[PDB]
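**Student:** here goes the first bit of my complex:
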Amino acid sequence: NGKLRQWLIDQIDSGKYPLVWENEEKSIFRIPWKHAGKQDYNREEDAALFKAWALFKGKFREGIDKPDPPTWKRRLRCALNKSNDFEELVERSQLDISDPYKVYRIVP
């Protein structure tokens, strides 16, 4: 249980996702949030985390199921919203720039 917390911390610390820490206390971080309708949407890099969380919890299986980034994007938002681990800073969410992003926070 509670695999979402440690998984996301490991994803941010990995740096493999070009989602970064916004402070050095490792308590507030960035996260990309590009809309899948924009002409700047690469289905691979933009939906990389959303696919990974579906691959992690055994929801999407390669070469077996039809890909669907919308469902992958919806599952991660509901997980972050429902989990008592991450509180989103909606007033700091800069969701209207060249590369939109949200801001979250982790508590004890």
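**Tutor:** The structure has been received and is ready for your questions. Numbering: from 1, shown residues only, chains lettered A, B, ... in the order given.
**Student:** now do the strands in chain A.
**Tutor:** A:28-32, A:86-88, A:101-106 (DSSP state E).
**Student:** gap between the residue nearest to residue A:79 when sequence neighbours are not counted and residue A:39?
**Tutor:** Nearest non-adjacent residue to residue A:79, counting by CB to CB, 6 or more residues apart in numbering: residue A:4, 5.4 Å away. Just so you know, the C-beta spots here come from the backbone N, C-alpha and C atoms, and that holds for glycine as well. To residue A:39, residue A:4 is 32 Å away according to CB to CB, to the nearest Å.
**Student:** neighbour-wise, which of the two wins?
**Tutor:** Comparing residue A:4 with residue A:39 by neighbour count (other CB atoms under 10 Å), the higher total belongs to residue A:4, at 18 against 4.
**Student:** and residue A:31, what does it touch?
**Tutor:** By CB atoms under 8 Å, 6 or more residues apart in numbering, residue A:31 lies in contact with A:19, A:49, A:101, A:102, A:103, A:104.
**Student:** onto the same structure, chain B please:
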Amino acid sequence: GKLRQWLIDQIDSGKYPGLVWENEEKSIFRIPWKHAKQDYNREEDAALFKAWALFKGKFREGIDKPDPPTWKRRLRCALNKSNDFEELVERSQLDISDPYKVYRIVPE
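**Tutor:** Below, chain B sits with the chains from the block before:
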């Protein structure tokens, strides 16, 4: 344990629509399972769920607030974890107008 004899009396009563058998030995029966959408009504669709709460004194009429979600959750959690009831997932028609589930009463 009161779940076995109680449910057998509910199906045999025929008071709830959809709660019927599938053989003459009364060992395989359909249970009406809808999603709370469509023509869902708290009366006819969620009647058996209220009976279990009243039977086990979990809901007093006019005192506790009606909560059909947890009423169906209690009956589900007890029905699934019961060893007197086998869920036949292969005949479980979940993709129809009035979806039902097939349960078998194991003898003992």
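**Student:** quote the end-to-end distance of stretch A:61-69.
**Tutor:** The first and final residues of stretch A:61-69 sit 13 Å from each other (CA to CA, to the nearest Å).
**Student:** swap that for stretch A:95-108, please
**Tutor:** 27 Å.
**Student:** now do the buried residues in that stretch.
**Tutor:** Neighbour counts over stretch A:95-108 (16 or more other CB atoms under 10 Å in any protein chain shown) mark A:101, A:102, A:103, A:104, A:106 as buried.
**Student:** just the residues contacting it, thanks.
**Tutor:** A:5, A:9, A:19, A:22, A:26-35, A:40, A:80, A:84-90, A:92-94 (CB atoms under 8 Å, 6 or more residues apart in numbering or on different chains).
**Student:** hmm, try it at 7 Å
**Tutor:** A:22, A:27-34, A:80, A:85-89, A:92-94 (CB atoms under 7 Å, 6 or more residues apart in numbering or on different chains).
**Student:** okay, now DNA strand C:
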DNA sequence: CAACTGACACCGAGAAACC
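**Tutor:** Following on from the chains above, DNA strand C is added here:
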């Protein structure tokens, strides 16, 4: 028309509570 969202319902699997 696809994509997105919040509000609400749903779920299984250990962990309790309760015979």
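**Student:** same question on the contacts of residue A:31, but now with DNA strand C added
**Tutor:** Contacts of residue A:31 (CB under 7 Å, 6+ apart): A:19, A:101, A:102, A:104.
**Student:** which parts of chain A sit against DNA strand C?
**Tutor:** Chain A comes close to DNA strand C at residues A:33, A:35-37, A:68-70, A:73-74, A:77-78, A:81-82, as judged by CB under 7 Å from any atom of the strand.
**Student:** could you rerun that using 6 Å?
**Tutor:** By CB under 6 Å from any atom of the strand, the residues of chain A that approach DNA strand C are A:35, A:36, A:37, A:70, A:73, A:74, A:77.
**Student:** who wins for most neighbours among these?
**Tutor:** residue A:73 (20 neighbours; other CB atoms under 10 Å in any protein chain shown).
**Student:** can you report how many residues lie near the residue nearest to that one when sequence neighbours are not counted?
**Tutor:** Nearest residue to residue A:73, sequence neighbours excluded (CB to CB, 6 or more residues apart in numbering or on different chains): residue A:50, at 4.8 Å. By other CB under 10 Å, the residues close to residue A:50 number 22.
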